[PDB]
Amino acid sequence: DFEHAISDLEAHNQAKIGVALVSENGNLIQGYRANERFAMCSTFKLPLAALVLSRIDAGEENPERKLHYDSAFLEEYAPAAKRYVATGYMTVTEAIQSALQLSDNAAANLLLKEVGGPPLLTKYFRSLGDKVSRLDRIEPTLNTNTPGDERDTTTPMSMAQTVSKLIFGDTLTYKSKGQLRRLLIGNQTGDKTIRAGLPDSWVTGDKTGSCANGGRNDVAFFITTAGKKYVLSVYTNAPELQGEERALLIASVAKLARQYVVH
């Protein structure tokens, strides 16, 4: 069964694995360490983008607005922001696309600045009914993944439920929900993680993250050939594995989890 299979992956890979598979409406189908805390790492960028889209939905933000910055605002991993910095800005839309599909840390920090900072993202989690997830730091220090530190954490179940609400629920408008979905489908960093453990006929979108201390995470939505809709969150700490092995572990989790979905 699912619990025993995940436990077996833990033992074999010297890893801690947290996973939740939920239905379209956020109801738990299978989980393992589903209520234990893990660092969000870059998975926070999905609900961050949704918050910015909610501001656009509210008429408070313009997708073409220029978010200005200079070289001091750059981060070590900021492939898009490094290209645009000479112009002095990225638009809201460019920053959303870059933060989600490239995981650009300067674009994420631009958006954190746009929404009012980590406390305002935490408020948004609470507004959605997520009682657990919390952002405390900006990039890059949110990635420290320090044992016993609750800063910048979620649980697999809380993140799965929150993403199900954003992707399949009605908090965003139909326009913004569709935009978020198409952006996640075009994610460029997830080809070897959850998506690699799902049939290529299924529509899938995802947001990955990596952290210190061997953290490697991925949260995906997918729609099967039967038209059934799911969210899968996978949080791992696997300090004894190499990068490619960490992705394979997450793919393996997804293969186990898909034994419980209607194909």
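Here, rigid core means the biggest group of C-alpha atoms that superpose within 1.5 Å across both forms. One-based numbering along the sequence shown.
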{"property": "Of 147 to 155 and 116 to 124, which departs more from this form in 4 other deposited structures of this protein by CA RMS after core fitting", "result": "147 to 155"}
{"property": "Stretch with larger C-alpha RMS deviation in 4 other deposited structures of this protein, core superposed, 2 to 10 versus 254 to 262", "result": "254 to 262"}
{"property": "Higher-scoring stretch by recorded Cα B factor average, 158 to 166 or 142 to 150", "result": "142 to 150"}
{"property": "Between the two ranges 46 to 54 and 197 to 205, the one averaging a larger CA B factor in the entry", "result": "197 to 205"}
{"property": "Per the PDB entry, maximal CA B factor within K113, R126, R181, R83", "result": "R126"}
{"property": "Deposited CA B-factor, highest of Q30, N27, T225, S233", "result": "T225"}
{"property": "Where the record places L21 (Cα B-factor, split into thirds across the chain)", "result": "lowest"}
{"property": "Position of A72 among the chain's modelled residues by C-alpha B-factor, lowest, middle or highest third", "result": "highest"}
{"property": "Third of the chain's Cα B-factor distribution that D130 belongs to, per the entry", "result": "highest"}
{"property": "CA B-factor placement of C41, once the chain's modelled residues are sorted into thirds", "result": "highest"}
{"property": "Ranked against its chain, the third holding the CA B-factor of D218", "result": "lowest"}
